[PDB]
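Below is one structure; the comments refer to it alone.
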Amino acid sequence: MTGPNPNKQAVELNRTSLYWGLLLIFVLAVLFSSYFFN
Amino acid sequence: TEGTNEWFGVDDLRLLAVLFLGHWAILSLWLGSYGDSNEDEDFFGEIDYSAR
Amino acid sequence: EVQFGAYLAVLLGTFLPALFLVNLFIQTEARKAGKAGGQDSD
Amino acid sequence: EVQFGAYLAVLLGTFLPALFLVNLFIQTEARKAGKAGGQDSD
Amino acid sequence: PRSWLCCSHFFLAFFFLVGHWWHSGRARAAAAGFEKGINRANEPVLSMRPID
Amino acid sequence: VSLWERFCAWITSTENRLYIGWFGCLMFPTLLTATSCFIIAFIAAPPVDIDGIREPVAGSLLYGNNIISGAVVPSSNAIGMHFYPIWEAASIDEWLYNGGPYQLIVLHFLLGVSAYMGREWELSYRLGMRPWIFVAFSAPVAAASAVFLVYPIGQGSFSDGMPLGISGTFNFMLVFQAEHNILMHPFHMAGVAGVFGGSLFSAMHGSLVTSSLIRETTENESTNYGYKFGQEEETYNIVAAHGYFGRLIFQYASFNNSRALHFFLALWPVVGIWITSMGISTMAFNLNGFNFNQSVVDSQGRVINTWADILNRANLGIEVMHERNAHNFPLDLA
Amino acid sequence: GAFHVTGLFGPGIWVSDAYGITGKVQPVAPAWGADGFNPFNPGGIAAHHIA
Amino acid sequence: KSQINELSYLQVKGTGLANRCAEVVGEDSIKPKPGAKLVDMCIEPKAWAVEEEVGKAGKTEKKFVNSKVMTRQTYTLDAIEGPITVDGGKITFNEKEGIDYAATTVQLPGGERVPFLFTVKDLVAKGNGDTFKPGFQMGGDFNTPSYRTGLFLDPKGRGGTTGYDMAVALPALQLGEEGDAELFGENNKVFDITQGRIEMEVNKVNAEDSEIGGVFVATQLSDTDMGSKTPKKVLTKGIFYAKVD
Amino acid sequence: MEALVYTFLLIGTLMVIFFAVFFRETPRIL
Amino acid sequence: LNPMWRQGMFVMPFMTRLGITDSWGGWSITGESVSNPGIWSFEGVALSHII
Amino acid sequence: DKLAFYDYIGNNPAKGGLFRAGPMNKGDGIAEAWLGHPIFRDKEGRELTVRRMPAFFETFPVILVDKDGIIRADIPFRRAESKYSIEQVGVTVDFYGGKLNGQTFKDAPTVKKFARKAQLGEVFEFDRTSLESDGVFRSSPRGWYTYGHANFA
Amino acid sequence: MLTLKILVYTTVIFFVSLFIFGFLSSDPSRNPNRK
Amino acid sequence: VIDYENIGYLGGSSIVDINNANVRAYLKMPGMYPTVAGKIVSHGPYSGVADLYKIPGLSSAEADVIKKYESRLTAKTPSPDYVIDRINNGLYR
Ligand code: CLA
Ligand code: CLA
Ligand code: CLA
Ligand code: CLA
Ligand SMILES: CC(C)=CCC/C(C)=C/CC/C(C)=C/CC/C(C)=C/CC/C(C)=C/CC/C(C)=C/CC/C(C)=C/CC/C(C)=C/CC/C(C)=C/CC1=CC(=O)C(C)=C(C)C1=O
Ligand SMILES: CCCCCCCCCCCCCCCC(=O)OC[C@H](COP(=O)(O)OC[C@@H](O)CO)OC(=O)CCCCCCCCCCCCCCC
Ligand SMILES: CC1=C(/C=C/C(C)=C/C=C/C(C)=C/C=C/C=C(C)/C=C/C=C(C)/C=C/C2=C(C)CCCC2(C)C)C(C)(C)CCC1
Ligand code: OEX
Ligand SMILES: [Fe+2]
């Protein structure tokens, strides 16, 4: 190895942006399912 | 020709030059350190710690 | 007759990205509980 | 002829429990980076 | 009498291969000094690199 | 200073990630070739004439198998014991038909496992350890060489060798039962006692240590975090677990010595698998197990059945059905 | 363009006729003129990657 | 030859020599006697070809692609006996005994394995003239038996003269008035006999040694596994050798 | 189509064997 | 009547464009049989992009 | 038709398998009608009953037994040295009730087809094209309930 | 097929010679006791 | 074959077939195994019991045991899968 990277950061996702990203996936799952099942 | 009674499976003459250049190419590496040493230096141990 | 590879498209198109976004929230709350120093940091 | 509900059994039997065990590790390392207080706690 | 000889001298010839493994593991380590165990004062693993 | 001494210093260095050693010079090229040919022959390999009757048995995944049925098929009955490499096959298509990769995998396996065993010796020498972990590993090396090497020798063909698979294993065990009667043989009996006993004393020793652990944690955190690595304090009250087992059976049946205790865990399985692997070996040369068929008779002389006669009728069912086309003559001499 | 395409040290490009009946991998000699910029000329591909 | 007969058994084995027919030396004429009986006719093919749908430039006419044999060295026929009867117009041959079948398997492009029984059973040869000459050329029909004798058991355990006759691990197929008649073809195992046409051509004779030998060409039909598939036409070529006595 | 799942399970199992050997949590004294 | 572009082959016309016609099975896209394609066949390219 | 429907081995819960899935109609199809009760008689005229498959046996050889236990006819595995084949004994089949109500088949091709399906209890006409019924028996909900709640306990 | 065969005898007696001349390289003296 | 007629004439009906029976089927007739039964099985298709006297290499004693059992011998249609395994069909006591 070498030394520890000084470019370590942390990732954040608040409770607000969770519900956006969940609803984004389910609505795209509702929309595109009917075409994939054909 | 499988069940021929030939030495080390050497069917063709070309396979010998493979064998001789394999043992000797590492033998010459080995003689670069353990060769050209004193063949007349003994010990009364069970194991020798002479040199590299 | 429907395409039987569409169940794998939809149910992994739901679950794999949605379980991803849950993980970024759980480690967010763990860092906030990590710094806070009380009863949950460990 | 194979059962087409077995793809959903296996590929969710892999991914859903295996993505679960990843989450318990990521929040474990976030709590350790949370308490440590340097460059990553926030 | 073939099946008695091929199943008894074969039977022994594995256990004498185990005798090559026991008696040479001890003899190589009796020559080196650590057949009785690791020294508590000087452990060789502690004077090595970090483990990785 | 020399190039060889700077190479011997690296190849015998314990400071490597994995110790290579001088046995790794012929462990790693052997086992990586047994591996890289196994993955290809298990996934994509055409069917193989195993019975020598030109009825090719599918064994790979691309030819409609699964994890259970798919298997690297042994070589042909037509080849038998002959050495069959790639260069003595005149094409690879002729090689893969006649059971090619079974000999390439097995012969590079038994060299690599007998070199993995010597590698366990070598690092014990360079670390200051007492040497004999590799003697305990002799017991699966004895058993691997019994079903892949010794049993094809005494039966005269690699086609009787063990198929590299899961369903092929149970084709091997049942046909070995009908032709050799392994269950009545006292060396399979001495290794069933080796692994039933081995799994007993494993879970019996592992429970008495975990029973007598010392308080070093709280009830919230894990039990395992009361052991710091490399500590010098003993992590369990060994007097406590001795007084428990000294009352569970009686007093004199308990090892107070932990060294003699941890030796008996290494004795019992390993001796049980040395003896078992020389059961397959002595039954490779058709010295079969016991045969008590028609042993109990009345005074009139009529045969009274026993449990061995019921066991015989199970052996007669597998004997008349194994290799159902390969036989032409009334006695399975092979 | 000089070795793989022109077949000096390579197989060449799949070429074909005008109507998709015959086609084979063959070396393609480059066309340097204004005919090289005809994109249905396979010689323009060899002339491009060389130039 | 007599050069092969010089060797002992330990010098031939493992060398692939016993597979190969002899080489006759020189050319002359030999006359078949009234009681003339052919002694050591061996046939060995040197090339194989299976009739397929070939991918030409734009067309798909049937042509022969060749193939690589995969059974190793087991293709040669040997020891074929038979009397040489003299019809007035044309000399004839009818084989009687000897190893007159050699099962083998060739592989096509694509990975398809085509087994076929290579045989000369019940051969009626007819050739121009009476005496064997370097211009002599005889041939005729032979009967191919099936590749499997009727007591062969398939993977389910079904044969023509033994075994079951239904899908033994599918016990709900024989339910109803129809039964299992949807898979009827894979239950009925039919022994099949087809025809084959070989064309031999003598070109080198010894009369001082009474042994002939030349080039043949044989066509026949591959196997079907008792009606499991459509058999395919197999052409082969090679060299033979015979002792005319 | 069916054997594609079996292959993905096998090489996916050999991935986590690779990461467990080389990216192991290295134990340290003190 | 069944080329590679009917069978939905996507990356396979990119191997045959630059000069790969044979395979280890023995078939070819040009239809001419081959005894040995050597290393660079369809299986050789696919296995070498993995390595 | 309901009473003869219980006299059928495909309704036994001890015939299914574990990793085969779905209803029992996936087994052989939705039943349509009762084909009747075949009665087997030889050329002598005595009544032959087909020996029935037990629940253990997946495969079972077709055996025709008269009233006292003597083996009178079967379907032979080994057809060479055959001493009890249907061709020798000359077994005719007679149906009674069902949709084959008065019928008699006398030749060996047809009698062997009904002798195989008579060891499976009664004889039914199924509809195996509606649910893509493959041809192996499943288990009843009696069998599945006993599976879970005894592996749970 | 006689070109592959040449390649194997190179690779075998390369590593076999590393094995043979490995233990001839004063191999008992390579212990953690001394030297 | 699923439905093969003349299964009985092979071995067990005590009226044997000629061109389809095993050589074990002629063991039940005293006098014919192995010599007289060996010639019948070896040669080609027969059309009747009168063709049994056409065998090349018959004695008066070999025709005698055929004359005894000529009511029990009968000839049927040669189905070619039974005609191959007439010396040995893989049946052993
Ligand atoms: C280095 C480790 C190693 C070892 C031990 C082997 C061993 C073997 N390989 Mg393998 N192989 C290896 C690496 C190795 N392979 C690698 C890295 C590859 C990838 C290129 C292959 C690829 C490969 C293929 C593709 C095939 C083999 C095959 C074989 C077998 C026969 C090859 C042969 O002729 O050996 C040559 C051996 C010798 C000439 C003998 C050397 C032994 C020396 C001389 C020591 C003896 C000392 C002597 C007795 C002292 C005498 C003193 C005197 C005074 C009397 C054999 C089991 C073949 C096989 O298994 O087919 C079934 C086969 O087809 N191998
Ligand atoms: C209650 C039932 C029972 C029990 C407990 C046993 C117990 C045993 N039987 Mg047995 N048997 C039974 C019933 C039973 N039998 C019945 C009913 C039959 C008749 C069908 C048989 C027929 C039978 C046969 C025919 C054989 C046994 C054998 C054995 C032994 C197996 C141990 C073994 O092979 O490991 C030893 C370990 C190995 C073989 C593995 C070696 C693996 C090498 C070292 C490394 C492999 C590494 C791997 C490739 C990769 C590692 C992981 C990687 C990611 C790094 C053991 C004593 C075998 C025997 O006698 O011993 C040979 C044997 O051949 N039995
Ligand atoms: C010996 C001289 C020589 C010859 C014969 C060729 C031959 C060729 N060159 Mg080449 N070239 C040469 C020297 C030569 N080159 C040199 C010295 C250079 C400088 C390094 C170049 C740089 C060059 C480039 C950068 C391009 C060519 C292209 C071409 C091809 C032209 C025919 C064609 O399909 O273009 C078709 C013509 C075009 C695609 C015109 C490009 C204009 C763009 C597409 C406009 C749209 C842009 C916009 C962002 C798109 C979105 C808008 C939308 C609403 C439409 C042909 C193979 C073209 C090529 O490879 O295409 C296959 C190409 O793009 N050449
Ligand atoms: C006590 C529990 C129980 C029982 C007895 C049944 C019984 C039944 N269900 Mg049912 N079901 C249950 C719970 C139960 N269900 C629950 C909780 C759900 C919600 C998920 C369902 C959802 C469900 C559906 C959607 C359907 C049924 C159907 C059926 C019928 C046939 C099932 C079959 O063939 O099994 C199949 C056999 C197995 C699945 C094997 C059993 C489990 C094995 C032993 C593996 C155990 C798990 C393993 C250890 C973990 C592997 C993990 C790995 C992949 C990573 C049968 C009457 C079917 C039916 O006919 O309905 C009309 C149907 O369509 N059920
Ligand atoms: C008066 C009237 C009415 C008249 C009638 C007469 C009458 C009264 C009759 C009744 C009498 C009657 C039958 C009573 C007898 C009672 C009796 C014994 C009945 C039980 C019957 C029976 C069959 C018993 C025999 C079975 C038995 C218990 C066998 C014991 C087996 C045995 C000796 C095992 C030892 C194995 C062993 C060596 C284990 C140690 C190895 C091991 C890894 C252990 C782990 C371990 C051990 C340690 O040591 C310590 C330290 C630690 C750390 C540790 O890990
Ligand atoms: C092969 C591997 C497959 C990889 C797939 C994995 C990635 C998949 C998921 C990633 C995308 C996640 C999007 C997260 C979303 C997210 O977290 O939002 C938050 C994000 C930025 O938020 P901030 O900058 O406030 O973030 C603060 C941080 O603390 C957290 O982000 O917003 C966006 O990036 C743009 C807004 C998109 C928000 C969606 C708007 C549309 C609303 C939904 C519309 C549907 C309803 C329609 C009704 C008609
Ligand atoms: C695909 C498939 C299938 C199916 C399956 C399913 C359908 C499943 C489902 C499942 C489910 C669907 C499940 C669920 C579960 C859930 C859970 C487990 C949850 C939990 C919860 C919780 C966690 C809660 C919480 C809370 C709240 C919210 C509030 C308050 C607090 C509390 C805590 C209470 C089957 C097998 C048939 C077949 C094959 C395939
Ligand atoms: O190869 Mn496999 O198994 Ca021994 O026994 Mn003989 O050989 Mn065959 O038969 Mn049975
Ligand atoms: Fe312990």
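Just tell me the longest site-free run in chain H, where the sites are GluC sites (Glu not before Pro) in a DSSP loop having at most 10 other beta-carbon atoms within 10 Å. In short, H:98-207.
Could you compute how fast the protein assembly as shown diffuses translationally, taking Rh as the Kirkwood radius over C-alpha pairs and applying Stokes-Einstein at 4 °C with viscosity 1.567 mPa s? Give it in µm² per second. Don't jump to the answer; show the numbers that get you there.
Working: Rh = 38.5 Å.
Answer, rounded: 34 µm²/s.
Counting only other chain Cβ atoms within 10 Å of each residue's Cβ, the peptide J:24-36 averages 6. Straight Cα distances below 22 angstrom link residue C:35 to the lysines A:8, D:32, D:35, with same-chain residues fewer than 8 positions distant left out.
Inter-part distance, segment F:181-202 to segment K:76-136, computed on C-alpha centroids, equals 49 Å.
Taking every residue in F:277-287 and counting other chain Cβ atoms within 10 Å of its Cβ, the average works out to 4. Set the bar at 22 Å for Cα to Cα. Now go through H:189/M:28; H:121/M:67; H:96/M:28; H:204/H:233; H:121/H:233; H:96/M:76 and name every pair that lies beyond it. As for pairs spanning more than 22 Å Cα to Cα, those are H:189/M:28; H:121/M:67; H:96/M:28; H:204/H:233; H:96/M:76. 3J(HN,Hα) couplings calculated from phi for segment F:323-332 with the Karplus curve 6.51 cos²θ - 1.76 cosθ + 1.60 (θ = phi - 60°) are, in sequence order, 6, 5, 10, 6, 8, 10, 10, x, 10, 6 Hz; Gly and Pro show x.
Using a simple spin-label model with pseudo-atoms 7 Å out from Cα toward Cβ, residue E:45 and residue H:7 lie 6.3 nm apart. Looking at the square roots a ≥ b ≥ c of the eigenvalues of the Cα gyration tensor of segment H:2-116, which shape do they give, rounded for a/c under 1.5, prolate if a/b is larger than b/c, or oblate? Verdict is oblate for segment H:2-116. Looking at segment B:13-49, the chymotrypsin sites (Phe, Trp or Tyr not before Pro) that sit in a DSSP loop and have at most 11 other Cβ atoms within 10 Å of their own Cβ are B:43, B:44. Axis between C and D by rotation; chain C residue with nearest Cβ and distance in whole Å recorded as C:34, 1. Ellipticity at 222 nm from helices only: DSSP H runs of n ≥ 4 in chain K, each -39500 (n - 2.57), divided by the residue count, give -5000 deg cm²/dmol. Taking a straight Cα-Cα cut-off under 15 Å and skipping sequence neighbours fewer than 8 places away in the same chain, the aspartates and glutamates within cross-link reach of residue K:106 are K:42, K:44, K:47, K:87, K:94, M:3, M:5.
For segment B:31-44, 3J(HN,Hα) computed residue by residue from phi via the Karplus equation (6.51, -1.76, 1.60; θ = phi - 60°) reads 6, x, 10, 8, x, 6, 10, 6, 8, 9, 10, 9, 6, 10 Hz, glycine and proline entered as x. Each of H:29, B:9, F:107 was scored by the projection of its Cα onto the charge dipole of the protein assembly as shown, and the greatest displacement toward the positive side belongs to F:107; charges sit on the C-beta of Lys, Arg, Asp and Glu. Would you tally the net charge around residue J:22, using a Cβ to Cβ cut-off of less than 11 Å, leaving residue J:22 out, and scoring K and R as +1, D and E as -1? It works out to a net charge of -2.
Amide H contacts of residue K:48 (H built 1.01 Å from N, in plane; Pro and chain starts excluded): K:40, K:41, K:42 sit under 5 Å, all sequence-distant by 5 or more or on other chains.
Can you give the relative contact order of chain F as a percent, counting alpha carbon pairs under 8 Å and 6+ residues apart?
Values: 432 pairs, mean separation 59.9, N = 334.
Across chain F, relative contact order equals 18 percent.
Between residue H:65 and H:50, H:52, the built amide H atoms are under 5 Å apart, and every one of these is 5 or more places off in sequence or on another chain.
For chain A versus segment H:142-213, the inter-centroid distance based on Cα atoms is 63 Å.
If I take every Cα pair under 8 Å that is 6 or more residues apart in chain G, average their sequence separation and divide by the length, what percent do I get for the relative contact order? All intermediate terms of the calculation are to be shown ahead of the outcome.
On the way: 85 pairs, mean separation 17.1, N = 51.
Relative contact order comes out at 33 percent.
Where Rh is the Kirkwood radius over the Cα pairs of segment F:176-334, the temperature 37 °C and the viscosity 0.692 mPa s, what D in µm²/s does Stokes-Einstein return?
On the way: Rh = 20.5 Å.
It comes out at roughly 160 µm²/s.
I need the calculated FRET efficiency for the pair residue C:35 and residue E:20, taking r as the beta carbon distance and R₀ as 45 Å, to the nearest 0.05.
On the way: r = 62 Å, r/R0 = 1.38.
Efficiency at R0 = 45 Å is approximately 0.15.
Taken residue by residue and averaged, Cβ atoms of other chains lying within 10 Å of the Cβ of H:196-203 number 0. Residues whose amide H comes within less than 5 Å of that of residue H:241, counting only those at least five positions distant or on another chain, are H:42, H:214 (H built at 1.01 Å from N in the peptide plane).
What's the FRET efficiency of residue H:101 with residue K:150 using the Cβ-Cβ distance as r and R₀ = 56 Å, to the nearest 0.05? Spell out each step's value before the answer.
Numbers: r = 60 Å, r/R0 = 1.07.
According to the calculation, E is roughly 0.40.
Distance from the Cα centroid of segment G:15-31 to that of segment L:1-29 is 50 Å (rounded to whole angstrom). Each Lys and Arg adds +1 at its Cβ and each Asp and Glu adds -1 at its Cβ; summed about the Cα centre, chain E shows a dipole of about 140 debye.
Projecting the Cα positions of C:23, E:5, F:66 onto the charge dipole of the protein assembly as shown (unit charges on Cβ atoms of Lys, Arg, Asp and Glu, taken about the Cα centre) puts C:23 furthest along the positive direction. In this simple spin-label approximation, residue F:225 and residue K:131 carry label points 7 Å from Cα along the Cα→Cβ vector, and these lie 5.4 nm apart.
Using only Cα coordinates, the Kirkwood hydrodynamic radius of segment F:261-334 works out to 16.1 Å. With a/c under 1.5 counting as rounded, go ahead and sort segment J:10-51 into rounded, prolate or oblate using the C-alpha gyration tensor (a ≥ b ≥ c being the square roots of the eigenvalues; past the cut-off, prolate if a/b is larger than b/c, else oblate). Judged from the Cα gyration tensor, segment J:10-51 comes out oblate (a/c at least 1.5, b/c at or above a/b). The residues neighbouring residue F:14, those whose beta-carbon lies less than 13 Å from its own, together hold a net charge of +2 under the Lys/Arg +1, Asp/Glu -1 convention. The loop-placed chymotrypsin sites (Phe, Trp or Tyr not before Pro) in segment K:70-153, going by DSSP, that have at most 10 neighbouring Cβ atoms within 10 Å of their Cβ come out as K:152.
Comparing F:230, F:21, F:161 in a Gaussian network model of chain F, where Cα atoms under 10 Å apart are tied by springs, the biggest mean-square fluctuation is seen for F:230. Taking trypsin sites (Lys or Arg not before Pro) across segment F:192-269, the ones in a DSSP loop with at most 16 further Cβ atoms lying within 10 angstrom of their Cβ are F:215, F:228. Counting only Cβ charges, +1 for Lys and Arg and -1 for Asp and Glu, the dipole size of the protein assembly as shown around its Cα centre is about 1620 debye. The overall shape of segment H:61-119 is oblate: from the C-alpha gyration tensor, with semi-axes ordered a ≥ b ≥ c, the ratio a/c is 1.5 or greater and a/b is no larger than b/c. For segment F:49-92, the share of alpha carbon pairs falling in successive 10 Å distance bins from zero is 25, 45, 29, 1 percent.
The alpha-carbon of residue K:2 sits under 21 angstrom from the alpha-carbons of these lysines, leaving out residues fewer than 8 places away in its chain: K:15, K:26, K:99, K:117. The charge dipole of segment K:1-66, taken about the Cα centre with unit charges on the Cβ atoms of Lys, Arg (+1) and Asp, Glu (-1), comes to about 180 debye, rounded to the nearest 20. On the basis of the beta-carbon distance and an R0 of 30 Å, residue F:326 and residue H:18 show a calculated FRET efficiency of 0.80. Applying the Karplus relation 6.51 cos²θ - 1.76 cosθ + 1.60 with θ = phi - 60° to segment H:110-117 yields 3J(HN,Hα) values of x, x, 7, 9, 10, x, 7, 7 Hz, where x marks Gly and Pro. Its residues counted as N, chain M yields a C-alpha radius of gyration over 2.2 N^0.38 Å of 1.01.
The distance between label points at residue H:79 and residue K:77 comes to 3.5 nm (points 7 Å beyond Cα on the Cα→Cβ vector).
All Cβ positions, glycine included, derive from the backbone under ideal geometry; neighbour counts span all protein chains shown. Every read-out reported here was derived from the displayed coordinates using simple, explicitly stated rules and does not represent laboratory data.
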